[PDB]
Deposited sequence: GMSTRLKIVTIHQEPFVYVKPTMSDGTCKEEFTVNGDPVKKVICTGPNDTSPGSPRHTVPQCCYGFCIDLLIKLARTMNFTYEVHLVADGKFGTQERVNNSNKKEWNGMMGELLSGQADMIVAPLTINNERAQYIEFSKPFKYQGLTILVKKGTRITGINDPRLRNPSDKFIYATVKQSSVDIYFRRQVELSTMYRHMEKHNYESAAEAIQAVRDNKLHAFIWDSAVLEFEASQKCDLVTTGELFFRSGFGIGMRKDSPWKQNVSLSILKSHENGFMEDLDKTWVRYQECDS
């Protein structure tokens, strides 16, 4: 009866830290003194860890609103989810949701046609899009820059494996040239790619603007390359026959309308 929530590490929506020696999460507060709500989330390094952030505050609100109990865990393979040929199969959180390993996905999960065919997405809890992250000084126009459209081993760019971005470039035939170049450099996680950009190991990282804008605001040695493309949103994910789907969406709408969503933004992003 307790809902199994699956999530993924992705700051500032989901932070993941080790518990304390006694197995609990360290008590922390925001800049002005509000308690940072944390939940114990199990996952591979399987051990108990601490989770918190935008998406965690949203889960707590949804759970209290619809009155349900839950247990949270980090996606076993560390991926968002794509469908690959083997018959086809889903990996990441998509696979876990579809197999019953999870009853709901609460993360910065991009709503797209490919996934909507198999699961139910709530109305967006966040509207954003894709942008490009580079090291301060790197001169790139946008997704139309020649260094991207006419690739070479001189300027490497990539995205995260088994992600909505991977699906996007693999779907659009007009992006075929970029797709082939990225297929040889994509990273296992956003954190790693970002670190690679700082270490001049990666020249450009194509990812979610909600995440990249945040990173660029915390690390002044990194910047985003103008012009947002592939505008998209994040939604809660559930199986199509979930009895919580209607109330989950109504709750998201309510939160946008009464300012709750804006408060999370002031708390975790715009700071």
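Give the ranges of the deposited sequence, numbered from 1, for which the structure holds no C-alpha coordinates, in sequence order. Residues lacking C-alpha coordinates: 1-3, 49-57, 99-102, 288-292.
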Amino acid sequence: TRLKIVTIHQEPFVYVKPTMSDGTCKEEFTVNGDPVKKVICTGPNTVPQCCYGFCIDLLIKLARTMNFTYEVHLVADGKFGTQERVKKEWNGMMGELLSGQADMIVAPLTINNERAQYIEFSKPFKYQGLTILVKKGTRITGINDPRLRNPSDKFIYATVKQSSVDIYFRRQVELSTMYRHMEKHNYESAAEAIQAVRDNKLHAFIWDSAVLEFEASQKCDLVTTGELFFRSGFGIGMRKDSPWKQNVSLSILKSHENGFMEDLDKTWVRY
From here on, numbers count along this sequence of modelled residues.
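Between the two ranges 171-179 and 93-101, the one averaging a larger CA B factor in the entry: In the deposited entry, the stretch with the higher C-alpha B-factor mean is 171-179.
When the Cα temperature factors in the entry are averaged, is it 46-54 or 214-222 that ends up higher? The deposited B-factors put 214-222 ahead on the C-alpha mean.
Using the temperature factors in the entry, find which of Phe229, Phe205, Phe234, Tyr70 has the highest value at its Cα atom. Out of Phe229, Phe205, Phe234, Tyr70, the record gives the largest C-alpha B-factor to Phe229.
In the PDB entry, which of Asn113, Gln128, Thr82, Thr138 has its C-alpha at the highest B-factor? So the option with the highest C-alpha B-factor is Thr138.
For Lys201, does the deposited CA B-factor place it in the lowest, middle or highest third of the chain? Top third by C-alpha B-factor.
C-alpha B factor of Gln117, ranked within the chain: lowest, middle or highest third? Tercile = middle for this residue's CA B-factor.
For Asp22, return the chain-relative third of its C-alpha B-factor as stated in the PDB record: lowest, middle or highest. It falls in the top third of the chain.
Quick check on the deposited entry: does the C-alpha B-factor of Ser209 sit in the lowest, middle or highest third of its chain? Its C-alpha B-factor, which the entry lists for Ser209, ranks in the lowest third among residues of this chain.
Ranked against its chain, the third holding the CA B-factor of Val160: For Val160, whose C-alpha B-factor we compare with every modelled residue in the chain, the answer is the lowest third.
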